[PDB]
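Peer 1: To start, I am sharing the structure in question, which I have written as structure tokens.
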Ligand SMILES: Nc1nc2c(ncn2[C@@H]2O[C@H](COP(=O)(O)OP(=O)(O)OP(=O)(O)O)[C@@H](O)[C@H]2O)c(=O)[nH]1
Ligand SMILES: Nc1ncnc2c1ncn2[C@@H]1O[C@H](COP(=O)(O)OP(=O)(O)CP(=O)(O)O)[C@@H](O)[C@H]1O
Ligand SMILES: Nc1nc2c(ncn2[C@@H]2O[C@H](COP(=O)(O)OP(=O)(O)O)[C@@H](O)[C@H]2O)c(=O)[nH]1
Ligand SMILES: COc1cc(S(=O)(=O)Oc2ccc3[nH]c(C)cc3c2F)cc(OC)c1OC
Ligand SMILES: [Ca+2]
Ligand SMILES: [Ca+2]
Ligand SMILES: [Mg+2]
Ligand SMILES: [Mg+2]
Ligand SMILES: [Mg+2]
């Protein structure tokens, strides 16, 4: 039960109370997966038109 | 988010005509197109189904299609006949003769291009088109044959817009021709592939409701169409009136259709009407889920609900609405799939339908709908096994194999609806 | 320094609209952006300038960016009471929403607008002498709140690799749900945002709904009631940034004090007291009474049982008439009765912060004005319950591949589902390895 | 109508409780994986408490108290005693016990040898016993290396053996009192007025392990005198009480039950702040089985607590109904217990 680091100011104060001691990808990689998704989205569409063409 | 309406055939134009006659009243639009209402809520989303014209006129975004001029001459001469856009009347003369082939391959082909010109013109003036809704029967020739042809062609041109349909199923109890199973089976295959949302309106159900429940000894098509109007108003409430759910056709499909082919909804409505006593919230809920209020002639207890969307209309305790909705789910928990959490959605609208203070409309993606397709399939095979009446279709260029395919596609759909029932 | 708040999706925009409302009330900023208290018109290196820039006319403009693929929600900010605060460059809208589809908000409708959002963000970032990081408000369940948020977090991690990124996330609840595919979106967006968010505050709508019902006696809580409560907690968490102090003074300190393990960065927030303003006068709770309430599950922002979960960190953020001696006595007495088991590799202690200014409330709101309030941030392993609940719902629908076709139709691959889920199983493993007895 | 699910088929007690609920006609059994239930008869291991109390408009109850394993396991019980001020290290009714980890694997090995050498040098009876939660494997020995090597040969425990047990004169055998306790959602402690005595069939020999262990399985397997005196080697309170009067000139209520009721209260009040579901989003109840042992001075001891007990054949009907009456219908409306009052 020890208060430490008692910082005080006009607007408030803060402290710590110890009670027991202890015992990213790049822009290209983003555009790669993004554009790759539109490829599957445009291929799945092309297949639909090809099916409708039949 | 605008919607383009299309009505095709005798049934398609007659139920579609009543749909506009109903919502026009709900929004305060007179037969001339002028607004004469009281609540601004009537107009906040009027653009969804109406185009504003010069002089504050509201013209429906509807297209009227038929291979005969008869049923469309009546519409123009009907009560709200003067409100429809004249250019949007597209009709032939030879008719389809209750033949799917004639509507899909020969006579409809001659006319289909002209229709798309109107569809294109309407879509061009849509700031954010969300999709199309079609009204038609599957038992005839025009709405069934040509209607599916339009759906197929519209998808090719608007592949990223929602395709919605109100599809009236044939029934021997209400029959015009013995080839209705042939026409319906061919159409169902088309709907399976080329629609997102199909409201299954079974004439067998409409008849029984008129006969058993409403106590009408001899129902007429007008009597059955009063039921369809009430339902069509109910399932478009969230589109036509503002809410906290910002409902649109795409959202409905994403949440109602767990599997792309199982998008055939059982619609229900309460109270069934042909009357002064107001109906309580528990009464609406009980009747709504009751099979006697279903418009598809399937026993929900013989199947399971994959997803459900309910709309209550009128001034009522939304807390009570919950209390009674959750009660049904917790009571009939065996008739809802356990592997789709929160598969029942409820919305409330303060504006009630004309004539009632309290109403409730119900949209159900139930596996019991397989009973309906099984009924059509049996009637289809009963004739096809003897090639009976096929000469009407082979004379229009079709081959037997195309029937065998639609038969298999029908039986496959039933099997798909079955696997998810266990 | 400066902090940029980003509000994504319906929930993010509405909650942000509620937060900046409360910030203005707490800082005395008028709905026209004019702060009479500010005597350094045009400048000001004060603590509240971290969230508000000052124009030549003396207008305090939020350092915020509202984004939604649909224009209906943000239009109410443009025609709302606080319309004058923001300039239109900060309010970005699309035309079609994501239809509750993560793929539609990340791969298809999101990719169309990401470049613009980043540019608008850069328009504010360049107005910052030293930018600390970003505060991201969004929902797990929304199509835009999940799909577009994850896309942005990927791009922010590239354009601002040094800056920190904090999350305020709405965990889905059936009581206020919006779609049945919400579990799918909640899992996809957590997997794609975990490596990028430095610390995330989850708010379960179930907790807020029940709190509004029980403590505020609201039969059917609205999003307004929920957001007004949520903004009070957000204010407690962000108070240290907007007011002078020494605890959690910068965004990096949230990570230091609450996030020892980067993947376990979901502190559990507990707030008290919540009093119905309808009550003419309430028995104002004491410092010890509100502190004890921090350990009652009914007051947590996520329904779980901290008793069966070891703590790793704990911050007490008091606001109002609170003195250190009261806090220490409450802490000592609450140790004896409660069961607060930390991990063996962390000190069993509490970092405390007091702001004398009492909690502010909106006029005509539901929250009564209290003299002292506390928000506890405790990084407890017990919050893994929420991941398990969310994961079980995911496994139920995915077993039958229900609704998956909607995502693959936008470009997504069925594999990305199992990838995201296997990551969630790893997160549940990490929580267990830290909470074993 | 009320909703309940089942996830423990091997539960002979709640297989009966499931029977009665359906018989009322006001309860319905759903499937184990249906999330919409009012009540769960969950499994023993890995009960998903984190998923409970999250269904709107659905009051959910479960028949297990989360965190009760601290009292129903050998290692945790001993660690609960001592570390608990309520159940102080100086617990008069708890046999001296120590937690031992196998050498292959905190540990209390050197502390066990501490209080052992005192008895050897003090001429006192120094017989001990070792057991574990993985039992049907038990050893009773007076040496140290024999018991600790047997442990090396999971977490075990060693406690002092009742070298002076109370013996029923008509046979000179050892009994084992089993009392059933029910704790409802309100944490009211209910003791069943009917108990059983898993009596032995061979004479206790203080110089073999059949006359030392009084499990109904050992008596039905190793013993040959099964059923000689009482039926099934299971005496009830009515027969036992009469023997106390004719032999020791006392009664069951005073010489034994007073202590049993005290031990039950002390244990459950100790972990009450750790398992109580009073302000929780779901509620819990649970039936417990306390095993006691009485020595020659009519002093009751605590052997073990079981979280999934099995009730006697005769008393299944009377007990399992009492579960529904006070634990299930108290929250879901449609005496044989002694309420142990407390604070
Ligand atoms: N707390 C709170 N939750 C909200 C609010 N608005 C929506 N939600 C929750 O957010 C989830 C749905 O996400 P939304 O933000 O509405 O969807 P979105 O971000 O607009 O994405 P879209 O699907 O494209 O519309 C649901 O679980 C709702 O409960 C709000 O104002 N406050
Ligand atoms: N300290 C001790 N002194 C004397 N006998 C003891 C003892 N500890 C255990 N026993 C004997 O061991 C027997 C079984 O011990 P324990 O209760 O651990 O077995 P178990 O887990 O099979 C009981 P249940 O069948 O109720 O689960 C008791 O009935 C008792 O006769
Ligand atoms: N509900 C309803 N069904 C109709 C109507 N007219 C025809 N039907 C049904 O639809 C089928 C006949 O289709 P029809 O619309 O006449 O075909 P089409 O004119 O060639 O498009 C049969 O099953 C009829 O029972 C109608 O006005 N209302
Ligand atoms: C216009 O059609 C309607 C559209 C909508 S919605 O756009 O909000 O879609 C949703 C959103 C979430 C959902 N959860 C479930 C299980 C279904 C569901 C859903 F359909 C709701 C309607 O009534 C509830 C409705 O009926 C007329
Ligand atoms: Ca200033
Ligand atoms: Ca980072
Ligand atoms: Mg006809
Ligand atoms: Mg939205
Ligand atoms: Mg045994």
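So for chain C, numbering is Swiss-Prot's, and the shown residues are 2-438, in order.
Using the three backbone atoms N, Cα and C, a Cβ is placed for every residue, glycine included.
As annotated in Swiss-Prot:
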- C:254: active site (ACT_SITE)
- C:11, C:71, C:140, C:144, C:145, C:179, C:206, C:228: GTP binding site (BINDING)
- C:71: Mg(2+) binding site (BINDING)
- C:326: ubiquitin cross-link (CROSSLNK)
- C:370: ubiquitin cross-link (CROSSLNK)
- C:40: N6,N6,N6-trimethyllysine (MOD_RES)
- C:40: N6-acetyllysine (MOD_RES)
- C:48: phosphoserine (MOD_RES)
- C:232: phosphoserine (MOD_RES)
- C:282: 3'-nitrotyrosine (MOD_RES)
- C:339: omega-N-methylarginine (MOD_RES)
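Can you tell me where each of these features sits in this structure?
Peer 2: DSSP assigns residue C:254 (active site) to a helix in the three-state reduction.
Of all the Cβ atoms in the protein chains shown, 21 others lie within 10 Å of the Cβ of residue C:179 (GTP binding site). In three-state terms derived from DSSP, residue C:179 (GTP binding site) belongs to neither a helical nor a strand segment and is classed as coil.
Long-range Cβ proximity for residue C:71 (GTP binding site), meaning a same-chain Cβ under 8 A and a gap of 6 or more residues, is found for C:94, C:95, C:96, C:97, C:98, C:145.
DSSP classifies residue C:326 (ubiquitin cross-link) as helix under the three-state reduction.
The Cβ neighbour count for residue C:370 (ubiquitin cross-link), using a 10 Å radius and every protein chain shown, is 15.
Sequence-distant neighbours of residue C:40 (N6,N6,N6-trimethyllysine) (same chain, six or more apart, CB under 8 Å from its CB) are absent.
In the three-state DSSP scheme, residue C:48 (phosphoserine) is classed as coil. Neighbour density for residue C:48 (phosphoserine): within 10 A of its CB lie 19 other CB atoms from the protein chains shown.
According to its DSSP assignment, residue C:232 (phosphoserine) is helical. Residue C:232 (phosphoserine) counts 23 other C-beta atoms within 10 Å of its own C-beta, drawing on all protein chains shown.
The local packing around residue C:282 (3'-nitrotyrosine), expressed as other Cβ atoms within 10 Å of its Cβ over all shown chains, amounts to 7.
A coil conformation is recorded for residue C:339 (omega-N-methylarginine) in the three-state DSSP classification, outside any helix or strand. Here residue C:339 (omega-N-methylarginine) comes close to C:296, C:308: these same-chain residues lie at least six apart in sequence, with C-beta atoms under 8 angstroms from its C-beta.
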Peer 1: Whole-number answer please: how many Å between the C-alpha atoms of residue C:326 (ubiquitin cross-link) and residue C:254 (active site)?
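Peer 2: For residue C:326 (ubiquitin cross-link) versus residue C:254 (active site), the Cα atoms are 25 Å apart.
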Peer 1: What three-state secondary structure does DSSP assign to residue C:206 (GTP binding site)?
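Peer 2: The residue in question, residue C:206 (GTP binding site), is helix (DSSP, three-state).
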Peer 1: Looking only at DSSP and grouping its letters into three states, which state does residue C:140 (GTP binding site) belong to?
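Peer 2: Residue C:140 (GTP binding site) sits in a strand per DSSP.
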Peer 1: Counting distance between Cα atoms, which of the recorded positions C:48, C:144, C:179 is nearest residue C:282 (3'-nitrotyrosine)?
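Peer 2: For residue C:282 (3'-nitrotyrosine), the spatially nearest of the recorded positions is C:48.
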Peer 1: Check the binding-site residues C:11, C:140 for other C-beta atoms within 10 angstroms of each C-beta and report the one with the most.
Peer 2: C:140
Peer 1: Roughly how many angstrom lie between the C-alpha atoms of residue C:179 (GTP binding site) and residue C:232 (phosphoserine)?
Peer 2: 21
Peer 1: Over all pairs within C:11, C:71, C:140, C:144, C:145, C:179, C:206, C:228, the annotated GTP binders, what is the largest Cα to Cα distance, rounded to whole Å?
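Peer 2: So the binding residues stretch over 22 Å, Cα to Cα.
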Peer 1: Between the recorded positions C:11, C:144, C:206, C:254, which lies closest to residue C:370 (ubiquitin cross-link), Cα to Cα?
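Peer 2: Sorting the recorded positions by distance from residue C:370 (ubiquitin cross-link), the top entry is C:206.
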Peer 1: I'd like to verify something. Among the recorded positions C:11, C:48, C:71, C:140, C:326, which ones have a C-beta closer than 6 angstroms to some atom of ligand 8?
Peer 2: C:11, C:71
Peer 1: At the Cα level, what's the spacing in Å between residue C:206 (GTP binding site) and residue C:232 (phosphoserine), rounded?
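Peer 2: Counting only the Cα atoms, the answer is 13 Å.
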Peer 1: Nearest to residue C:144 (GTP binding site) in three-dimensional space, by Cα, is which of the recorded positions C:48, C:232, C:254?
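Peer 2: Minimum Cα distance from residue C:144 (GTP binding site) across C:48, C:232, C:254 lands on C:232.
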